[PDB]
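First the structure, in the form of structure tokens, and then the observations on it.
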Amino acid sequence: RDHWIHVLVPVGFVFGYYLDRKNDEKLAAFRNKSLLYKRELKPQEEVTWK
Amino acid sequence: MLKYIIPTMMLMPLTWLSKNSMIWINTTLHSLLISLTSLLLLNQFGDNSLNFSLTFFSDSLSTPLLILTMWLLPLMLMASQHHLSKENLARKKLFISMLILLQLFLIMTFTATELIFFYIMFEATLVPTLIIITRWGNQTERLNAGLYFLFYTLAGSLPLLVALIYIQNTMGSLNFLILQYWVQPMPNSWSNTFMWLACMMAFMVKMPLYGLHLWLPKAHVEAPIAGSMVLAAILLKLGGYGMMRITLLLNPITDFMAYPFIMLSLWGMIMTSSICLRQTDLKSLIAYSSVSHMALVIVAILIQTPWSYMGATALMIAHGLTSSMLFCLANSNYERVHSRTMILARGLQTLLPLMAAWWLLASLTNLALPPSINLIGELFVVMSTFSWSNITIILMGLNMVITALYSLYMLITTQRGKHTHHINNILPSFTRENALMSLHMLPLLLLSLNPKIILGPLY
Amino acid sequence: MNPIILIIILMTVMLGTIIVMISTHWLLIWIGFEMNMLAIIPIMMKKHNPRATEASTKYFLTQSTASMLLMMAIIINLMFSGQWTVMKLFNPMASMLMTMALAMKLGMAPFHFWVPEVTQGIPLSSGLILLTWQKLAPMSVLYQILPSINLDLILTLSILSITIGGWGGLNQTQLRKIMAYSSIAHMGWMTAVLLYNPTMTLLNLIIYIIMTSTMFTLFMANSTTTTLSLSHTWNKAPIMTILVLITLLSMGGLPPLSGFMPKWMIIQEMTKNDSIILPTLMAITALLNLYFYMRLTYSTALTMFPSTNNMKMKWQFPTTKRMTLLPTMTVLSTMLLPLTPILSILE
Amino acid sequence: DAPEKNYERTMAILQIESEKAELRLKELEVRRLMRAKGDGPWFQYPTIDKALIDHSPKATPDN
Amino acid sequence: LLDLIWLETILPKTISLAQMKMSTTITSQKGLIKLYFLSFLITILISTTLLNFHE
Amino acid sequence: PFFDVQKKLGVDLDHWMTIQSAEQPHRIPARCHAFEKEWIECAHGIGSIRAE
Amino acid sequence: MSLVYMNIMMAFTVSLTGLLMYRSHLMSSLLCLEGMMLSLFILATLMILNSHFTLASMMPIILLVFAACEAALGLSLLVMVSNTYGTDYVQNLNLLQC
Amino acid sequence: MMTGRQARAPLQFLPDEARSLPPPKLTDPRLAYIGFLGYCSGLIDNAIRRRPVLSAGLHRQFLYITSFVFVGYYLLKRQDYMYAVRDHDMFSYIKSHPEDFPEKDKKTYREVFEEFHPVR
Amino acid sequence: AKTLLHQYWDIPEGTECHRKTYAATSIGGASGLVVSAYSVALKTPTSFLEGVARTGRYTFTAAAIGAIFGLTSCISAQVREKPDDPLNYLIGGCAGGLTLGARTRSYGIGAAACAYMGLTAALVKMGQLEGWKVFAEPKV
Ligand SMILES: CCCCCCCCCCCCCCCCCC(=O)OC[C@H](COP(=O)([O-])OCC[N+](C)(C)C)OC(=O)CCCCCCCCCCCCCCCCC
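Chains as they are written, first to last, in PDB author numbering: chain y, 8 to 57; chain M, 1 to 459; chain N, 1 to 347; chain W, 81 to 143; chain L, 552 to 606; chain l, 1 to 52; chain K, 1 to 98; chain o, 1 to 120; chain V, 1 to 140.
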């Protein structure tokens, strides 16, 4: 690629964004378990947030 | 926050692998892309902060500081590429790497959920700033100024280290989210007196407190332009951010420990403003004006009312933009006359009319003209200190006279009168310089349309 | 020196330190210290000038006095316990004499008065051996007798070492005396946390040996013994100025560097034991060490002192010196703070 | 992010950090009690091994 | 008077002169082995009789 | 750092001269053999803090 | 404790304070150091004989041998100083003040 | 502190019960940071001998990365082992001494009286 | 000289002025003898008379500092009737600092010693009050 250097910061964004989403699944202890937001699962659904 | 940490780190291979004619343009482009992405921090809620992980979070206090931090890096690159044009290529890349490393320390200073990680990043911000001042400053006094900047900060902050580890042992944690809910009242004692001093004096040095401010009209004067921009726009605000995080743990003792410091600020903003009436060095005039404006943020944090915290964070963001623009204007003259003496080059509206319009707008936002966010923060601190004591308005209002008087005298000396005859190298304003002025001023005026994003955690 | 004789003598230095580390009898402790001194004397007299003979004489006298006080502490332990196990001592007089002997062998203040002379009198490699390898055996004996070490004595030695190693380096221009007063201050930091948590003592010792070995390796790689000859390094090798910059900022304990790692942990172990004034005054006194480190960084990396004309000849030759582990020790002395919880491997 | 996602993520963070804080306080109390009493596995400074003692009949009987 | 002299005098200048003077008192030793061991003797005597670090 | 090489390798470099109650030439007892045997067998394994 | 142990300890402290207060000669310092070693030999010997601790009887000989080897090393250092200045005066050993 | 625990089996870098613990992953961020330290060591080694920093000695840089990852994997195993031993001894001591660790009654804030301090 | 500090602290404040003054005089005299001993150790005097003159000068200086410290502190605690008050040791430490400046025949050293020794004596009083430990026993 003639402009390989102009993807170092955006891919480093996306990967970083990716890792943030990947951290959220480690902090999913109280997903659909808080007293404010707990509810019954709608059909064709397995988690409330991802 | 890892979506902002990793692009800031990828700016390091972006600046070390670029072609020699390309290392400014690529870093400016991608730092502007990071600053465009910085608006995703504005997912703020009326009840909860935006809590990313165990390590990182952001409420509405850190969010304007983060957007200002990620916005200041392209502006520092624009400001610092002219006077480092003749520089060696590897030293130029080391300069850009120091600015990138400083931004990398700052964005996880403001988002540190835990207070000793806040301390580690907060003191990691010394090393790129110290290296920038003592390596790319212009005059002889930059070594001494780097020593003062280093050893006021560390002498204030190494008690803060002991204090934070003491809170770590006593409460079990230094998570700010835990310490919102486990904070105990701090009773009157001598133990808690020196506890309060060890928590507060590092940030008093960082603001600066009047009487501790002696590092600032050296370190902000003996620095290059990017160093002055990051010092007066971000690094003075680490103190206010740290006080707004740390006075949670210091109640109710703060309600009488604040009384000397408030005096030191309420009289200090009278003195330092008055010092700006009789300064010959324009960069030192902007430095003592920075001390004068940050004294109001010290008073507003120490009276700890909601209107005071709203005005203090508004005044910190507004002073960051305003003082950074004023240092850039002083550099726009200093690149032409090669002297920081304010009486040297006069009558510059006769030669640089659009740049004189930029001087006019920066001086009007300096004197807190409504409805700029400068005036919003100024006015809200005045409201809260009037509720604190009805007499303080005198010391406020007299300050609001002198704040006008140095802001226009600086305009009258530099831009008005008859021009200096023997100076004939006054070039027309480059497109880079006016671009830098507009990227300072147009966000500052657009924030008057929607000030609620720079009003902090308790809007 | 014959290289075979040099190898056998250095293995004998190592063998003396090992016999101190691994033995269970106090006579073998004393024997390991005797073997260590007896073998390290020719390493100090490697170049055969009157300064090395003076340094080796002063080193011999202080280490011989310490060895005799050590044996008197051992013999008093034999009086009051009838046995010889290397463990706690069974008399506070024997504890005081052994703490004095080991403070002399470490050169902690006020027995520091040999360390800046002897380090100035010997070459840089033997100064590296003296300031890194010769700490390991007395700190091991202090590690094993800490149930009997008096608190007030070892803390007085610690704060007196930190203050004297702070004020000593502020007047110096010779790099070996700077490293020696840095040594005194760091030994104060290591023994201030010995009775509270000896794992942080081992941590501070390892991080100190890494940073000291980095600085002596840089001084050997540039052949620099004074400040003013270290100031010519930017015109000879500009990478070495960055290396001494980051390593001197690390030895001052500035975060995010690795030398912030021990002292912070030391404070972290001294406030759990309800000492607040003491780590505060220790950390305030460490700013003096930081100040003469900053003096060296101003002379070397952050400014450019004027060079001479003959430097242009030295541009035409690369450094053929074996810079053993210098990138490794440079990395491990600067970028190690994110791996701070590795210290549990020393428990 | 949703307010649900941030809210319950915050609660997971708070549970992890509160458990770490309670364990740090317990670690301080355990170290205090073990250094005071010496009956735990920590602070076990050595005494003489009794596997070194000779138990043979000696040259003189009164021993 | 205040922000070029007195606030400059009290915190940085007096502390800097104090560190300079203590640095010159520590490092003014004549390199004499006799005096260093006489100081070590006075150390041991103050340790035993004056501070009771052996009791 | 007491690197306990003697227990790791199973060698007896210096444990034999360490106490008076150890194995002696011609089974010569020390004058305080019994008292040291009692103090060691009391204090064995329980740690030094409890042994004091 | 025993009355002879008082005198052997006091002899060690006398030779200590002689070794800790120089006059001029490095040889007098070496003699004070070996007086310290001799007093350690005597004290260790009287304990080991007094306790009938048989295996430590080889201990003072070891305490002799090593330290006498140490003494030999010290004599060589003196000679090298004596080969530089003609005398063994400790005030000639002051080059390391600067 | 834990000197009596690792004294019955002396000089064991990883004891047998360390095998009961899950090892660090090969995608451990700590291990990747140690690999980055190896890469920086390779770059400093090219810089101090005036080689082309990114290009020269790729076998040497790869052995730097390999050696730091290899040593750091065992160092992380020992780190995780020692914190596991720390928590195990903590919990066994809390279980073995209930007279020192009472279960404290958690009062609700309807009963808990705190003094109010007004900001005015 | 551990019992010297104890017999200084055993008398309550503002109660027995003479023995407090004597105890602080004796503590200052001990500290002055320590400074004198190390001073004639590391710096050789030109004569025995010069050595005992340096010893008497430093011992009398530090003893006068201690005497005027204890006197000013106890008289301030008497006339203010506040025994557990660190302002009393602040005034006493500043009086000892003026004493050190009068012994060194200089006013700048006097003001510096006033400020730093007054803050030091105030910190020592606060450490006596809230139980601050400098040589803290290992607990964990
Ligand atoms: C900018 C330069 C100046 C910086 C000033 C920084 C703040 C000023 C005061 C700092 C005091 C030292 C840190 C205090 C930490 C308190 C933590 C704590 O647990 O406190 C309660 C503890 C109380 O002890 P405790 O909490 O362990 O006791 C148990 C609780 N009670 C009390 C009920 C029994 O306080 C202390 O132990 C002592 C506090 C005061 C320490 C005084 C020594 C330092 C002297 C002043 C140094 C000033 C700065 C030096 C640099 C100047 C320039 C070079």
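All C-beta atoms in this analysis are idealised placements derived from N, C-alpha and C, irrespective of residue type, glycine included.
- prompt: What did DSSP end up calling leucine 50 (chain M) once you bin it into helix, strand or coil?
  reply: In the second sequence, counting from the first residue as 1, residue 50 (chain M) sits at position 50. Strand.
message: For the structure I just gave you, are there three or more beta carbon pairs, one from the stretch 568-577 of chain L and one from the stretch 167-180 of chain N, closer than 8 Å?
response: yes
query: Thinking C-alpha only, which one of M:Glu114, M:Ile100, M:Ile23 and M:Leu29 is nearest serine 98 (chain W)?
result: Looking up residue 98 (chain W) in the fourth sequence gives position 18. Per the Cα distances, M:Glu114.
query: Mapping DSSP to helix, strand and coil, what is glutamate 114 (chain M)?
result: Here residue 114 (chain M) refers to the residue found at position 114 of the second sequence. Three-state DSSP puts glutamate 114 (chain M) in a strand.
- prompt: Is the closest heavy atom of ligand 1 to the C-beta of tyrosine 22 (chain K) under 7 Å?
  reply: Counted from its first residue, the seventh sequence places residue 22 (chain K) at position 22. For ligand 1, not one heavy atom lies less than 7 Å from the Cβ of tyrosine 22 (chain K).
- prompt: What three-state label does DSSP hand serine 58 (chain M) in the structure shown?
  reply: Indexing the second sequence from 1 puts residue 58 (chain M) at position 58. The answer is strand: DSSP assigns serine 58 (chain M) an E or B state.
- prompt: Taking buried to mean at least 16 other C-beta atoms within 10 Å of its own C-beta, is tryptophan 84 (chain N) buried or exposed?
  reply: For this step, residue 84 (chain N) is matched to residue 84 along the third sequence. Buried, by the Cβ-count rule.
message: Which of the three DSSP states is assigned to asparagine 222 (chain N) in this structure?
response: On the third sequence, position 222 is the one that residue 222 (chain N) refers to. Note: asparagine 222 (chain N) maps to helix in three-state DSSP.
message: Residues of chain K with CB closer than 7 Å to the CB of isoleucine 584 (chain L), please, in chain order.
response: Taking the first residue of the fifth sequence as position 1, residue 584 (chain L) is located at position 33. Result: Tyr22, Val90 and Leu93.
query: The alpha helix (DSSP H) spanning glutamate 107 (chain W) covers which residue range?
result: Translated into positions along the fourth sequence, residue 107 (chain W) becomes position 27. From DSSP, the alpha helix (DSSP H) with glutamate 107 (chain W) extends over 83-117.
Check: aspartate 84 (chain V) C-beta below 7 Å from any heavy atom of ligand 1: Position 84 of the ninth sequence, counting from 1, holds the residue named residue 84 (chain V). No, since every heavy atom of ligand 1 falls outside the 7 Å radius drawn around the Cβ of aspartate 84 (chain V).
message: On the DSSP bridge list, what partners appear for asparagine 175 (chain M)?
response: Residue numbering aside, residue 175 (chain M) sits at position 175 when the second sequence is read from its first letter. DSSP, once it has assigned bridges, lists M:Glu114 as partnering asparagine 175 (chain M).
query: Would you say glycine 156 (chain M) touches ligand 1, meaning its beta carbon is less than 7 Å from a heavy atom?
result: Your numbering for residue 156 (chain M) matches position 156 in the second sequence. Within the cutoff, so yes.
query: Whose Cβ in chain W lies nearer than 8 Å to the Cβ of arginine 5 (chain o)?
result: For the purposes of this step, residue 5 (chain o) is taken as residue 5 along the eighth sequence, with counting starting at 1. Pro121, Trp122 and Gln124, listed in chain order.
message: Given the structure, does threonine 280 (chain N) come close to ligand 1, in the sense that its CB is under 7 Å from one of the ligand's heavy atoms?
response: The count along the third sequence starts at 1 and reaches residue 280 (chain N) at position 280. Checking every heavy atom of ligand 1 against the Cβ of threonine 280 (chain N), one is found closer than 7 Å.
task: Let me know if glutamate 70 (chain K) comes out buried or exposed under the rule of 16 or more other beta-carbons within 10 Å of its beta-carbon.
output: The count along the seventh sequence starts at 1 and reaches residue 70 (chain K) at position 70. So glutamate 70 (chain K) ends up on the buried side.
field: For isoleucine 210 (chain N) and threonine 227 (chain N), the rounded distance between their alpha carbons
entry: The sequence position of residue 227 (chain N) within the third sequence is 227, counting from 1. The sequence position of residue 210 (chain N) within the third sequence is 210, counting from 1. In a straight line, the C-alpha of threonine 227 (chain N) is about 21 Å away from that of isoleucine 210 (chain N).
task: Leaving out five residues on either side along the sequence, give the residues of the same chain with a beta carbon under 6 Å from the beta carbon of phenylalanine 216 (chain N).
output: For the purposes of this step, residue 216 (chain N) is taken as the residue at position 216 of the third sequence. The residues are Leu124 and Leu128.
- request: Identify, in the order they occur along the chain, each residue of the same chain with its Cβ nearer than 7 Å to the Cβ of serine 28 (chain K), setting aside the five sequence neighbours on each side.
  value: Counted from its first residue, the seventh sequence places residue 28 (chain K) at position 28. Result list for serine 28 (chain K): empty, nothing under 7 Å.
query: Hey, is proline 159 (chain M) close to ligand 1, as in C-beta under 7 Å from one of its heavy atoms?
result: Here residue 159 (chain M) is taken as the residue at index 159 of the second sequence, counted from 1. Yes, Cβ of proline 159 (chain M) sits closer than 7 Å to a heavy atom of ligand 1.
task: Using a Cβ cut-off of 8 Å (strictly closer), state whether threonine 17 (chain K) contacts chain L.
output: The residue you call residue 17 (chain K) lines up with position 17 of the seventh sequence. Closer than 8 Å to some Cβ of chain L, the Cβ of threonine 17 (chain K) qualifies, so yes.
- prompt: By Cβ distance, which residues of its chain are closer than 7 Å to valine 86 (chain N), with the 5 residues on each side in sequence left out?
  reply: Here residue 86 (chain N) refers to the residue found at position 86 when the third sequence is read from its first residue. Excluding residues within five positions, the ones whose Cβ falls inside 7 Å are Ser23, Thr24, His25, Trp26, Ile29 and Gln144.
- prompt: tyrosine 89 (chain K) bridges to which residues according to DSSP?
  reply: As a first step, residue 89 (chain K) must be located in the seventh sequence, where it is residue number 89. Partner(s): K:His25.
- prompt: Where do the ends of the alpha helix (DSSP H) carrying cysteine 32 (chain l) lie?
  reply: Here residue 32 (chain l) corresponds to residue number 32 of the sixth sequence, with the count starting at 1. Unbroken run through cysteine 32 (chain l): none, as it is neither H nor E.
- prompt: Is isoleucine 593 (chain L) close to chain V, meaning its C-beta is less than 8 Å from at least one C-beta of that chain?
  reply: Residue 593 (chain L) sits at position 42 when you count from the first residue of the fifth sequence. It does: the Cβ of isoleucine 593 (chain L) has a partner Cβ on chain V nearer than 8 Å.
- request: Kindly indicate which three-state DSSP category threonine 247 (chain M) falls into: helix, strand or coil?
  value: Taking the first residue of the second sequence as position 1, residue 247 (chain M) is located at position 247. Residue state, collapsed to three classes: coil.
message: Using a Cβ distance threshold of 8 Å, determine whether the stretch 88-106 of chain M contacts the stretch 181-190 of chain M, with at least three qualifying pairs required.
response: no
message: Here's the rule I'm using: 16 or more other beta-carbon atoms within 10 Å means buried, otherwise exposed. How should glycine 107 (chain N) be labelled?
response: For the purposes of this step, residue 107 (chain N) is identified with residue 107 of the third sequence, where counting begins at 1. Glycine 107 (chain N) comes out buried.
message: In the DSSP output, what is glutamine 174 (chain N) paired with across the bridge?
response: Numbered from 1 along the third sequence, position 174 holds the residue referred to as residue 174 (chain N). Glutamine 174 (chain N) pairs with N:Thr226.
- prompt: Sorry if obvious, but does the Cβ on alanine 131 (chain W) come closer than 7 Å to a heavy atom of ligand 1?
  reply: The residue labelled residue 131 (chain W) in the question sits at position 51 within the fourth sequence. Not so, every heavy atom of ligand 1 lies at least 7 Å from the Cβ.
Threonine 65 (chain N) (DSSP reduced to helix, strand or coil): The count along the third sequence starts at 1 and reaches residue 65 (chain N) at position 65. Helix at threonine 65 (chain N).
task: For the alpha helix (DSSP H) containing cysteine 94 (chain V), list its first residue and its last residue.
output: Walking along the ninth sequence from the start, residue 94 (chain V) turns up at place 94. Note, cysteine 94 (chain V): alpha helix (DSSP H), 86-103.
- prompt: Is the stretch 114-126 of chain W touching the stretch 71-81 of chain M, taking contact as three or more C-beta pairs under 8 Å?
  reply: no
- prompt: Expressed to the nearest angstrom, what Euclidean distance is found between the alpha-carbon atoms of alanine 101 (chain W) and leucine 278 (chain N)?
  reply: Numbered from 1 along the fourth sequence, position 21 holds the residue referred to as residue 101 (chain W). Numbered from 1 along the third sequence, position 278 holds the residue referred to as residue 278 (chain N). Taking the straight line joining both Cα atoms gives about 26 Å.
task: Verify the contact flag: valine 205 (chain M), CB atom, against every heavy atom of ligand 1, threshold strictly below 7 Å.
output: The residue you call residue 205 (chain M) lines up with position 205 of the second sequence. Yes; taking the cut-off as 7 Å, the Cβ of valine 205 (chain M) has a heavy atom of ligand 1 nearer than that.
message: Would you say the beta carbon of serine 191 (chain M) is closer than 7 Å to some non-hydrogen atom of ligand 1?
response: Working through the second sequence from its first residue, we reach residue 191 (chain M) at position 191. At least one heavy atom of ligand 1 is nearer than 7 Å to the Cβ of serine 191 (chain M), so yes.
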